[PDB]
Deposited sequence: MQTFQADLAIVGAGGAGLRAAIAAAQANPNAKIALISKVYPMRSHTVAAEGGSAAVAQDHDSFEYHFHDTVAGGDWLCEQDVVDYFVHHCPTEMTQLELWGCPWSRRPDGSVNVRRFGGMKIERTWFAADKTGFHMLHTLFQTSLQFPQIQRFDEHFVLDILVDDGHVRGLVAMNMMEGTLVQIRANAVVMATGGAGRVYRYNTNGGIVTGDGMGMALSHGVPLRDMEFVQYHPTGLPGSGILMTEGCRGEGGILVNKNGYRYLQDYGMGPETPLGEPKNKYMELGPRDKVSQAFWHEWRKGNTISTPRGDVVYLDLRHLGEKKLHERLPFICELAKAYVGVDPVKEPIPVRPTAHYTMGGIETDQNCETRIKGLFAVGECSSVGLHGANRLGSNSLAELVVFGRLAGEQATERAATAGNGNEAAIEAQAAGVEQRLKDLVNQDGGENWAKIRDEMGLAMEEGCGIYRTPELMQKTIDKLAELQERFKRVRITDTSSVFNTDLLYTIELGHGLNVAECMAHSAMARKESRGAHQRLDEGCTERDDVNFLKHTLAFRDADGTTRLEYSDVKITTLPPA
């Protein structure tokens, strides 16, 4: 166990973590900042991403788009610090694919700061907490096999969403919930985890995401009969072929277009395909000349992953799990219950997104709140004093043991299979619409799967195994999955991304459920729920 004494450690080197690291280098130029990532940061999910004329119109559309589960004071902060962070990004070199341009700029800016020590290709296994205050973490160095103690008095979780918990998914296999997992291990609740958001056109089997631009440039969605079925679900009259209008038909509200898919499924109107049920995003009527100019990548994309030339046949699509509104619970400073420990970016719940993320508030949260979390954690690194050395070191030792008990564990279960059944149960029981019976089937399956998890075989693929890390991820996924399902099952209303079919729970219920779902995990392994109020300041519910 090599060790490294830092002021702050940041777990995650995507948009949020990088912005946090720059923020901490600029706040205290004498700081040692450990910036840790299991992938070269330029491979963080943030690379993959592709009005505000008024603070009021933006605050209103975030709260309402989040169906009144937003922390309004956080929203007010956010909306008002958006222009600053956009300016600061352009100054840093970003020319005015937006997630790559963002991450590249953050990454190049981070290179100017000798305060920021990157720990590339390091897997963080646990955080060290004693007397209600974080004191560092312990990571594994992939590229060598060794384990590193990293001691800091503030730790910022920036680990990304909990996506790859659904079997069909838009996220890189990276995005496994590790940071939400670690918060749970230490009694920090996950908040509002029941609110997962789907993107309506994703490729079957893969989950690779077909851009809205497909429909902006006039592609239609039909069922098995070639019917543009969106007209049957409140989405205005059918618009002419080649003249779409925003908010109508294929450009309709993104949530209603997913729900439409589901209804078409229940009607018998889908197409049964290998690895899913699909409709068709049809682009044949554009022409390759249109398809080559605008939407140029989309052709090879379809040839490559669905084996379709979109000029000759339509593309199979279906709603895919995409963004997780919930995450580690944080206050208005991004600080968790555990003093000194922060969370920011997709892994957190700062109270910005409520029950439904609004547009590109996801990318801007990275730099607004990455800055805040960075500043705030610097502040708290300078005022924590020191900690009961034996306990910290004892805990750091316990990770070492726990990790060796894990290797050559007594068991014969296959983590691959355990992983896929969790994925299937997520799709079935926590999808577009939920029912108390499809949720309880899946709550059960997870319980069954996490028992088998206790007996998974990490075979001696040796230094330290890739198989062992994929297993630690699976564990993390499993615990956050129950948190989702338990919270969904228990939320007896329909709000934003969380939509229920059963009587009693089809309507939004502000008298009873204008509340956050906090999901704890006790040492015994069971999932405990709690609720907190929702800071309403300017905008009481409609």
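Visitor: Which bits of the deposited sequence have no atoms placed for their C-alpha?
Guide: Gaps vs deposited seq, in order: 51 to 58, 105 to 130, 497.
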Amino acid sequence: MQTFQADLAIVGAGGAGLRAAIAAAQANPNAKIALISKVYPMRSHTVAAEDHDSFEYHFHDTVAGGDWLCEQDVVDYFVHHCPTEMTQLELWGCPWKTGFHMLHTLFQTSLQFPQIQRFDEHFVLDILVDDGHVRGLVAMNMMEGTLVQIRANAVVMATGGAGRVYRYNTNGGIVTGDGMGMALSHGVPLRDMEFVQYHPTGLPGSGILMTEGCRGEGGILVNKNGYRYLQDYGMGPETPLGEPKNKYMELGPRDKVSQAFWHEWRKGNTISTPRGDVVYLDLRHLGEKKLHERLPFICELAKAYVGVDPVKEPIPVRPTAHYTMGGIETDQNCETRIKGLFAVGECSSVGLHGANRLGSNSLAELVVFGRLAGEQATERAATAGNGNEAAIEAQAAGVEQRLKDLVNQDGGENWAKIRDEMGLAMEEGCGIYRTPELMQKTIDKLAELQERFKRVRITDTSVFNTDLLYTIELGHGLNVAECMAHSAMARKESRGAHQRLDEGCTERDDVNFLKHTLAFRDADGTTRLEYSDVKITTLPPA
From here on, numbers count along this sequence of modelled residues.
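Visitor: If you average the CA temperature factors as listed in the entry, which stretch comes out higher, 397 to 405 or 350 to 358?
Guide: Looking at the recorded C-alpha B-factors, 397 to 405 comes out higher on average.
Visitor: Return whichever of 163 to 171 and 189 to 197 has the greater mean Cα B factor according to the PDB record.
Guide: So the stretch with the higher mean C-alpha B-factor is 163 to 171.
Visitor: Out of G429, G202, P314, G226, which residue has the highest Cα temperature factor in the PDB record?
Guide: Among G429, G202, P314, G226, the PDB entry lists the largest C-alpha B-factor for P314.
Visitor: Between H81, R457, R318, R371, where does the Cα B-factor run highest in the record?
Guide: Among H81, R457, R318, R371, the highest C-alpha B-factor in the entry belongs to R457.
Visitor: By its CA B factor, does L518 count among the lowest, middle or highest third of the modelled residues in the chain?
Guide: Middle third - that is where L518 ends up once the chain's C-alpha B-factors are sorted.
Visitor: Going by the recorded CA B-factors, say which third of the chain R294 sits in, lowest, middle or highest.
Guide: For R294, the deposited C-alpha B-factor lands in the highest third.
Visitor: Based on the entry's values, in what third of the chain does the Cα temperature factor of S494 lie: lowest, middle or highest?
Guide: Tercile = lowest for this residue's CA B-factor.
Visitor: Among the chain's modelled residues, which third holds the C-alpha B-factor of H263?
Guide: It falls in the middle third of the chain.
Visitor: Quick check for you: using the entry's CA B-factors within this chain, is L8 in the lowest, middle or highest third?
Guide: According to the entry, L8 has a C-alpha B-factor in the chain's lowest third.
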